[PDB]
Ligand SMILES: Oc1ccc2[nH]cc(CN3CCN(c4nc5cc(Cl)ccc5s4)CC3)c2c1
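Single chain ahead, by itself, as structure tokens, in the form solved without the named molecule.
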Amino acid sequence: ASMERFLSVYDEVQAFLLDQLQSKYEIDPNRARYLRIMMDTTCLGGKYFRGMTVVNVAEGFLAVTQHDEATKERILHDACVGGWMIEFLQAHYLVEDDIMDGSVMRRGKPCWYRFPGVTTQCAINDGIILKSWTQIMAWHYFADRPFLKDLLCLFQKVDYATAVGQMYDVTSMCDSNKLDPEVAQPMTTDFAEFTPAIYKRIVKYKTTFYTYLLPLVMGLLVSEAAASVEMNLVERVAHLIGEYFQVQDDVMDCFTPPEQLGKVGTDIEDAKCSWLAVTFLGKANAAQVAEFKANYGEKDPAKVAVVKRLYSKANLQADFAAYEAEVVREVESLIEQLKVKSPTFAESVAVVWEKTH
């Protein structure tokens, strides 16, 4: 099965990377063990949604395309390697983002930089190595492949879009007109930049390119199937599903209990431009807006409890139901448009949506 092939390829890639460090980079066994532990701790334990989307898209095409058995095996192995490039790209951004944000946990486990024998000094570089490994595995496994050029170019643009999104996110509680490397940034007092368009831009770049666009397009590239789709349509459906995914994460940060969330949610304390804050500001009256400004972006638990009460009272659940209903209409419309050129790819998008929704 797909998951078992995917996990087996992780062991193969790891062995290759570590053997190459020994044969070419003069690594010693203790540092190779540190790196093996770092790779397992940062890359494993999740759902592998991104990596498995590449494999699922590739298997959809295998069902409808004539190939020798050895070719089907090669395509699946390429989809697994490609899927691991995305999982390692994610691992790079989670390691770095956890250090940037001073995060404590991620999925009921301490953040990598918090491990006693790691520290921020190592962890920042470990994050750098994680991304460097994505390129090492591409050049090694896809050296003779016709899709190598397109895959490297796509991967670079998605990585860049992600870093641009991280910039939009970390600066989301500042006033744009006040941004200045020379002056410490005050948190906004007016919240004028907490709008649906500004929120959409953070989410589009920070998450949707690496979580949805990259796995779908990589599945097409390893299958040599990019002519079966209109790329503008794949972009629109990736950004749409990706946004819905983040709206879910945002609601969960505030209302999902820490035991289920796998961390203590701090979007309110961090003054993040969340779906809840933007949607609340789109419907609140004068007194509610004023109460929001006097309590948002503060570590004080009483102030955090005021914000959480305003959200519950504002009936944000109704806004979510309306938003979700709108997303369902649009996702179905885009799936219908994809069916024109590829029913197989349209079906893979339907699975990705079902897994998100």
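Residues carry their position along the shown sequence, with the first being 1.
Beyond the structure shown, there is the form deposited with the named molecule bound, which is absent from this document and is the topic of what follows.
- Although the partner is absent here, residue 317 sits close enough that one of its heavy atoms falls within 4.5 Å of the named molecule in the deposited bound form.
- None of the heavy atoms of residue 222 is located within 4.5 Å of the named molecule in the deposited bound form.
- Proximity of residue 251 to the named molecule in the deposited bound form falls within the 4.5 Å heavy atom cutoff.
- Residue contact with the named molecule in the deposited bound form: residue 288 places no heavy atom within 4.5 Å of it.
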